[PDB]
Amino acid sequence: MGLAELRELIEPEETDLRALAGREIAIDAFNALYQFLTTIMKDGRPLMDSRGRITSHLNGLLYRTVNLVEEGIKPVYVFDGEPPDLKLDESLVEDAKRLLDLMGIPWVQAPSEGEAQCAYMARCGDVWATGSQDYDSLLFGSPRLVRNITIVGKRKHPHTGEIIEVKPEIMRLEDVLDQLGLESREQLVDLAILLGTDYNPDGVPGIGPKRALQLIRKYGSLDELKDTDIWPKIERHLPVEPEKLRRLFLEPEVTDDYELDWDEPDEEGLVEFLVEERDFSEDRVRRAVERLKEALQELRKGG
């Protein structure tokens, strides 16, 4: 799974949404849509319009984005481009972009990895953090990652009926390094390569997470593990040469070509799209548009 395996060591800062009031967050769009598609359901299936087309993605993107802006959070959604060679239905993606345009919520087309683009925007100081369920943006150098941003809330377990609560949680790159006893992001990347990433998802069986971490700490780097006895097992399992894997995380393809704005929603266009084409409740959509205008306004009047 990757860095997620060292969750006991990482331990984020558990917070609430109102603590992120005023923060711009670069949310990985593919990750967000996946959460919406897999968790917003009716009788065990995704929400659908009267023609049978999926709507869970539009539902989440509209109503949860409005909720975030009501807590003072300014989201920007960032979409995957072409993945690197080692690495969602396109209609869902175009639905998403159309919706955000109508809502006035900014988005960016990444040239390759969305999570890398999010991290770059955070490094440049154009957003405060990245927002995803994945830990990838840290490896791409994001100074801050907020997890659970698209799924904050409470539910009952179908089985136990207990109140499961999901809260937003913050991880700061600098603290993650300290928590793991590492010196640099470069070592974090080397560690992640041992554990397995999207570019090498098997990791290195035979090396558990604690062992991986100990190795990186003791020997310093993946490069320096060449002179050791464990190397052949590593070289066997790494699909490509290690430096090319490192380069993907340390020098990801990203773009400068964006300018972040939060515009007024287009009430009538939203109604045409969601209500008339996708069978959303008109009263609910219209009310969401009013809630959104007011929330944007409340952020404007303090700067």
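One-based numbering along the sequence shown.
A chain break between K87 and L88 is present, corresponding to 10 or more residues of the deposited sequence without coordinates. When the C-alpha B-factors of 4 to 12 and 293 to 301 are averaged, 4 to 12 comes out higher. Relative to one another, 37 to 45 and 55 to 63 have unequal mean CA B-factors, and 37 to 45 is the one with the higher figure. Take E113, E169, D227, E174 and read off each C-alpha B-factor from the entry; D227 has the highest. Of the candidates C124, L188, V152, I164, the PDB record gives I164 the highest C-alpha temperature factor. The deposited CA B-factor of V275 belongs to the middle third of values across its chain.
Residue-level temperature factors show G104 in the lowest third of its chain, judged at the C-alpha atom. Ranked within its chain, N148 lands in the lowest third, by CA B factor from the PDB record. Looking at the C-alpha B-factors along this chain, the one for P158 belongs to the highest third. Split the chain's modelled residues into thirds by C-alpha temperature factor. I73 is in the lowest one.
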